[PDB]
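Please treat every number below as a calculation from the coordinates, not as lab data. Neighbour counts are summed over all protein chains in view; Cβ atoms, including those assigned to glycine, are modelled from backbone coordinates with ideal geometry.
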Amino acid sequence: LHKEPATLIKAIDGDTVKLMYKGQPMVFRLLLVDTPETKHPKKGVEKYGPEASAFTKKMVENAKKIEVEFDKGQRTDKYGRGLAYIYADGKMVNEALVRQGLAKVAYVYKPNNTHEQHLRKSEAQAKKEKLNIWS
């Protein structure tokens with residue numbers, strides 16, 4: 001896998017950010033994580049939804065460099081969103097959310113599962129520290 005440059009357009013939610021990638025605006029879904037959401041009616045603004053959402057936003061908005069990293073499998077989901085690991089100055093946003101107790105590791109679909117073990121290891125530590133979702 002390799003990293004490629006992207007430019008922030010808009011953070012949309014804890015798990016979704018809109019970026020300029022190869023000169024086209026695109027919506028990106030963070031691979032392998034489930035954050036509580038502020039969107040979609042049903043549950044509405046699920047608890048820790050505003051917080052997961054503010055974390056992703058500050059993280060990408062304050063970065064000097066954003067990079068995207070596609071995994072080995074499909075690069076788009078059925079809604080046309082890019083499926084990627086997103087990095088802000090070197091730091092993986094997907095892991096940071098999980099490390100902070102602001103996301104769980106989602107259900108996994110090979111072969112888009114390269115950082116799966118790393119993420120589960122961060123999730124295990126957040127649960128052991130009983131942070132946010134895990135308190």
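Here are the numbers for the structure shown:
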{"item": "Only listed residue being in a strand (DSSP E or B) and without any contact (Cβ under 8 Å) to a residue 60 or more places away in the chain, chosen from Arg120, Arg29", "result": "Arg29"}
{"item": "Residue under evaluation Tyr87, criteria (1) buried (at least 20 other Cβ atoms within 10 Å of the Cβ); (2) in contact with a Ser or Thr (Cβ under 8 Å, 6 or more places away or on another chain); (3) under 17 Å from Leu1 (Cβ atoms); (4) not hydrophobic (A, V, I, L, M, F, W, C), criterion not met", "result": "(2)"}
{"item": "Pairs with Cβ under 7 Å, 6+ apart, first in region 79-92 and free of Cβ contacts under 8 Å to residues at least 60 places away in the same chain, second part of a strand (DSSP E or B) and of a type in the set (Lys, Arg)", "result": "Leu83/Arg29"}
{"item": "Single unsatisfied condition, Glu46 versus (1) outside any loop (DSSP other than H, G, I, E, B); (2) within 17 Å of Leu97 (Cβ to Cβ); (3) charged (D, E, K, R); (4) without any contact (Cβ under 8 Å) to a residue 24 or more places away in the chain", "result": "(1)"}
{"item": "Residues (in contact with a strand residue (DSSP E or B) (Cβ under 7 Å, 6 or more places away or on another chain), farther than 20 Å from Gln74 by Cβ and of a type outside the set (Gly, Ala, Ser)) located in region 94-122", "result": "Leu97, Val98, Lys104, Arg120"}
{"item": "Qualifying residue in region 70-85 (condition: among the aromatic types (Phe, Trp, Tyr) and assigned to a helix (DSSP H, G or I))", "result": "no"}
{"item": "Residue within region 74-84 that is closer than 27 Å to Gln125 by Cα and more than 11 Å from the chain's Cα centre (by Cα) present", "result": "no"}
{"item": "Checking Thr114 against (1) in a helix (DSSP H, G or I); (2) surrounded by fewer than 21 Cβ atoms within 10 Å (Cβ to Cβ); (3) among the polar types (S, T, N, Q), the condition it does not meet", "result": "(1)"}
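Residues checked against (1) in contact (Cβ under 8 Å) with a residue 60 or more places away in the chain; (2) crowded, with 17+ Cβ neighbours inside 10 Å; (3) among the polar types (S, T, N, Q); (4) assigned to a strand (DSSP E or B):
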site: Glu37; (1), (2), (3), (4): no, yes, no, no
site: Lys58; (1), (2), (3), (4): no, no, no, no
site: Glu67; (1), (2), (3), (4): yes, yes, no, yes
site: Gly101; (1), (2), (3), (4): no, yes, no, no
